[PDB]
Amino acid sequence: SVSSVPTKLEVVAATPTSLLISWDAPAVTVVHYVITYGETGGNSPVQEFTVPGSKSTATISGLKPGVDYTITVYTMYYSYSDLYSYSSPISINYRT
């Protein structure tokens, strides 16, 4: 009954080559969040990196100016039934 997916994923600050994102944590023990990002035109490899469970923001660097990016976030979390497992993702688009 408790959701392990984050909510309110959004870009709070941007430069031409970077984005600062934030999200609301789900009501479960999150061990780490996984952030994925890639060019929305789908001939470009998607990259990922983790951030600790205590954090609810992340910086994405090394982007190209004036390009549409798709950014997703999911959790690796502890629950009673499933022990360590991965959540479904939450997703947004943003143009540098």
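Numbering starts at 1 and runs along the sequence shown. Rigid core here is just the name for the largest C-alpha set that superposes within 1.5 Å across the two forms.
- Root mean square Cα distance to the shown form, taken over structures and residues in 5 other deposited structures of this protein after a core fit, is higher for 37-45 when 52-60 and 37-45 are compared.
- Looking at 42-50 and 29-37 together, the entry lists the larger mean B-factor for 42-50, computed on C-alpha atoms.
- When all modelled residues of the chain are sorted by CA temperature factor, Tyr84 is found within the middle third.
- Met76 sits in the lowest third of its chain by CA B factor, as recorded in the PDB entry.
- Ranked by Cα temperature factor within the chain, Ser22 sits in the highest third according to the deposited record.
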